Amino acid sequence: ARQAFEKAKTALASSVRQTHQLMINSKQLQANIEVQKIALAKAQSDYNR
Amino acid sequence: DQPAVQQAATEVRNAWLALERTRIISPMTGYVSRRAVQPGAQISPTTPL
Amino acid sequence: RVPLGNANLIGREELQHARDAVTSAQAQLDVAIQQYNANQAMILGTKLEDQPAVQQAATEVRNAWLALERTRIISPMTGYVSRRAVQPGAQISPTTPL
């Protein structure tokens, strides 16, 4: 029973880590949005001249 | 609160219950009559103790 | 290129394009840092032997080893042998008296 308990605890730790990874991927995508927005702003500035 | 953590927590709770049930408890305030369990015995959820 | 603009030498579009380039480079560096921060959540534990994945397999190794060590049946009590219904070659389960 102790062996099974330890196995379950390891599984819980792994799941927590994967969820944290997804939350970080969100920030990565936000940065990508920022770069695309900068590109759009430049292309808009050029046209108005 | 994310689903993966919840599922892992369920798995850990089941393991903890299985481990804690390694102590048999008497649901009654009575007297011991027909003992049939000896140390070193291999028992199952159907064996009378 | 900044100081020339203060003296009105180069076009304004050239400075605009320089600032935009700097901002884009900053954004890209942020993307890289974030890519690194993920995949660092998996390697949080300092030591290789303590990582969650390795311990799972260690548990299975332990279960198998206990299974192998139990092929030798040990007496739990001092005493004397009374009945013997076990012979070489018998097929035994955990429900057969010995």
# chains A, B, ... in the order shown; residues from 1 in each chain; ligands from 1

$ interface_residues --of "chain B" --to "chain A" --cutoff "8 Å" --atoms "only C-alpha atoms" --output "PyMOL selection string"
chain B and resi 2+4-5+8-9+11-12+15-16+18-19

$ interface_residues --of "chain C" --to "chain A" --cutoff "10 Å" --atoms "only C-alpha atoms" --output "mmCIF file with N, CA and C atoms, in the first residue's frame"
data_model
loop_
_atom_site.group_PDB
_atom_site.id
_atom_site.type_symbol
_atom_site.label_atom_id
_atom_site.label_comp_id
_atom_site.auth_asym_id
_atom_site.auth_seq_id
_atom_site.Cartn_x
_atom_site.Cartn_y
_atom_site.Cartn_z
ATOM 1 N N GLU C 13 11.390 58.901 -41.065
ATOM 2 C CA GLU C 13 10.977 57.516 -41.251
ATOM 3 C C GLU C 13 12.086 56.552 -40.848
ATOM 4 N N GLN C 16 11.976 56.263 -37.138
ATOM 5 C CA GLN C 16 10.803 55.472 -36.799
ATOM 6 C C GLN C 16 11.097 53.988 -36.964
ATOM 7 N N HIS C 17 11.752 53.642 -38.078
ATOM 8 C CA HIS C 17 12.081 52.234 -38.415
ATOM 9 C C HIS C 17 13.122 51.687 -37.439
ATOM 10 N N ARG C 19 13.398 52.656 -34.117
ATOM 11 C CA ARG C 19 12.671 52.392 -32.878
ATOM 12 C C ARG C 19 11.804 51.146 -33.008
ATOM 13 N N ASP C 20 11.125 50.994 -34.147
ATOM 14 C CA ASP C 20 10.302 49.809 -34.353
ATOM 15 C C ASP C 20 11.147 48.544 -34.297
ATOM 16 N N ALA C 21 12.346 48.586 -34.879
ATOM 17 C CA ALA C 21 13.221 47.422 -34.847
ATOM 18 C C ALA C 21 13.616 47.077 -33.421
ATOM 19 N N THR C 23 11.954 47.720 -30.654
ATOM 20 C CA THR C 23 10.800 47.157 -29.956
ATOM 21 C C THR C 23 10.538 45.718 -30.390
ATOM 22 N N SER C 24 10.651 45.439 -31.691
ATOM 23 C CA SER C 24 10.438 44.077 -32.167
ATOM 24 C C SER C 24 11.478 43.125 -31.593
ATOM 25 N N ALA C 25 12.735 43.565 -31.519
ATOM 26 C CA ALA C 25 13.772 42.718 -30.942
ATOM 27 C C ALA C 25 13.481 42.424 -29.477
ATOM 28 N N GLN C 26 12.998 43.425 -28.741
ATOM 29 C CA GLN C 26 12.626 43.186 -27.351
ATOM 30 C C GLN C 26 11.520 42.144 -27.255
ATOM 31 N N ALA C 27 10.509 42.251 -28.119
ATOM 32 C CA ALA C 27 9.431 41.268 -28.106
ATOM 33 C C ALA C 27 9.962 39.864 -28.373
ATOM 34 N N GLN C 28 10.859 39.730 -29.349
ATOM 35 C CA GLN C 28 11.395 38.410 -29.670
ATOM 36 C C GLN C 28 12.190 37.840 -28.502
ATOM 37 N N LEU C 29 12.972 38.681 -27.826
ATOM 38 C CA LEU C 29 13.702 38.200 -26.658
ATOM 39 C C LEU C 29 12.744 37.743 -25.568
ATOM 40 N N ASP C 30 11.630 38.454 -25.392
ATOM 41 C CA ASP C 30 10.627 38.001 -24.435
ATOM 42 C C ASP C 30 10.093 36.627 -24.818
ATOM 43 N N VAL C 31 9.838 36.415 -26.109
ATOM 44 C CA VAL C 31 9.356 35.112 -26.564
ATOM 45 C C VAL C 31 10.361 34.025 -26.204
ATOM 46 N N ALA C 32 11.644 34.288 -26.452
ATOM 47 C CA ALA C 32 12.667 33.289 -26.150
ATOM 48 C C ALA C 32 12.735 32.999 -24.656
ATOM 49 N N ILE C 33 12.704 34.047 -23.833
ATOM 50 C CA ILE C 33 12.759 33.846 -22.391
ATOM 51 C C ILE C 33 11.585 32.994 -21.937
ATOM 52 N N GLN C 34 10.395 33.265 -22.471
ATOM 53 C CA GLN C 34 9.233 32.471 -22.091
ATOM 54 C C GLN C 34 9.380 31.023 -22.538
ATOM 55 N N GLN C 35 9.871 30.794 -23.759
ATOM 56 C CA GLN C 35 10.121 29.422 -24.192
ATOM 57 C C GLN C 35 11.044 28.709 -23.217
ATOM 58 N N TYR C 36 12.017 29.430 -22.663
ATOM 59 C CA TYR C 36 12.912 28.813 -21.687
ATOM 60 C C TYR C 36 12.199 28.546 -20.365
ATOM 61 N N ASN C 37 11.371 29.487 -19.907
ATOM 62 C CA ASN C 37 10.710 29.323 -18.615
ATOM 63 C C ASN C 37 9.821 28.087 -18.608
ATOM 64 N N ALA C 38 9.065 27.871 -19.677
ATOM 65 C CA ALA C 38 8.490 26.559 -19.912
ATOM 66 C C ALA C 38 9.603 25.594 -20.296
ATOM 67 N N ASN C 39 9.464 24.347 -19.864
ATOM 68 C CA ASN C 39 10.495 23.318 -19.910
ATOM 69 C C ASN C 39 11.475 23.490 -18.759
ATOM 70 N N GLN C 40 11.394 24.583 -18.005
ATOM 71 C CA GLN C 40 12.043 24.679 -16.710
ATOM 72 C C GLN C 40 11.102 24.297 -15.579
ATOM 73 N N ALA C 41 9.797 24.226 -15.851
ATOM 74 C CA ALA C 41 8.856 23.714 -14.867
ATOM 75 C C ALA C 41 8.983 22.206 -14.711
ATOM 76 N N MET C 42 9.428 21.513 -15.759
ATOM 77 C CA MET C 42 9.621 20.071 -15.680
ATOM 78 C C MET C 42 10.879 19.711 -14.904
ATOM 79 N N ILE C 43 11.881 20.586 -14.916
ATOM 80 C CA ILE C 43 13.197 20.278 -14.370
ATOM 81 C C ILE C 43 13.378 21.032 -13.062
ATOM 82 N N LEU C 44 12.270 21.301 -12.369
ATOM 83 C CA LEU C 44 12.347 22.037 -11.112
ATOM 84 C C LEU C 44 13.250 21.321 -10.114
ATOM 85 N N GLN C 51 13.597 13.124 -9.582
ATOM 86 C CA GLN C 51 12.574 13.587 -10.501
ATOM 87 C C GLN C 51 11.356 12.661 -10.468
ATOM 88 N N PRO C 52 10.146 13.210 -10.664
ATOM 89 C CA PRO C 52 8.934 12.388 -10.538
ATOM 90 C C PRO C 52 8.917 11.169 -11.444
ATOM 91 N N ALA C 53 9.414 11.313 -12.674
ATOM 92 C CA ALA C 53 9.365 10.202 -13.619
ATOM 93 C C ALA C 53 10.214 9.030 -13.147
ATOM 94 N N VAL C 54 11.404 9.308 -12.616
ATOM 95 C CA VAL C 54 12.320 8.233 -12.239
ATOM 96 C C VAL C 54 11.775 7.462 -11.042
ATOM 97 N N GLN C 55 11.160 8.173 -10.096
ATOM 98 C CA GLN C 55 10.666 7.516 -8.891
ATOM 99 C C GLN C 55 9.532 6.547 -9.200
ATOM 100 N N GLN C 56 8.691 6.875 -10.181
ATOM 101 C CA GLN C 56 7.628 5.962 -10.577
ATOM 102 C C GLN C 56 8.186 4.593 -10.944
ATOM 103 N N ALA C 57 9.206 4.558 -11.801
ATOM 104 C CA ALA C 57 9.821 3.292 -12.173
ATOM 105 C C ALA C 57 10.513 2.613 -11.000
ATOM 106 N N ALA C 58 11.077 3.386 -10.072
ATOM 107 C CA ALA C 58 11.677 2.795 -8.885
ATOM 108 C C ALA C 58 10.639 2.045 -8.064
ATOM 109 N N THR C 59 9.425 2.587 -7.968
ATOM 110 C CA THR C 59 8.372 1.886 -7.242
ATOM 111 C C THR C 59 8.069 0.531 -7.875
ATOM 112 N N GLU C 60 7.984 0.481 -9.204
ATOM 113 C CA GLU C 60 7.720 -0.787 -9.877
ATOM 114 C C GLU C 60 8.872 -1.762 -9.674
ATOM 115 N N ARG C 62 10.697 -1.885 -7.043
ATOM 116 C CA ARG C 62 10.534 -2.375 -5.678
ATOM 117 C C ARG C 62 9.462 -3.454 -5.598
ATOM 118 N N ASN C 63 8.334 -3.244 -6.275
ATOM 119 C CA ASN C 63 7.279 -4.252 -6.255
ATOM 120 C C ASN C 63 7.765 -5.565 -6.856
#

$ atom_distance --atom1 "CA of residue 73 in chain C" --atom2 "CA of residue 97 in chain C"
12.4 Å

$ interface_residues --of "chain C" --to "chain B" --cutoff "9 Å" --atoms "only C-alpha atoms" --output "PyMOL selection string"
chain C and resi 75-77+94-95

$ write_last_selection --atoms "C-alpha atoms" --output "mmCIF file, in the first residue's frame"
data_model
loop_
_atom_site.group_PDB
_atom_site.id
_atom_site.type_symbol
_atom_site.label_atom_id
_atom_site.label_comp_id
_atom_site.auth_asym_id
_atom_site.auth_seq_id
_atom_site.Cartn_x
_atom_site.Cartn_y
_atom_site.Cartn_z
ATOM 1 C CA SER C 75 7.910 -19.542 9.006
ATOM 2 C CA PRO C 76 6.270 -16.791 11.110
ATOM 3 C CA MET C 77 6.328 -18.707 14.412
ATOM 4 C CA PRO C 94 -2.106 -18.147 -1.982
ATOM 5 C CA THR C 95 -5.218 -20.143 -1.030
#

$ atom_distance --atom1 "CA of residue 2 in chain C" --atom2 "CA of residue 22 in chain C"
12.7 Å
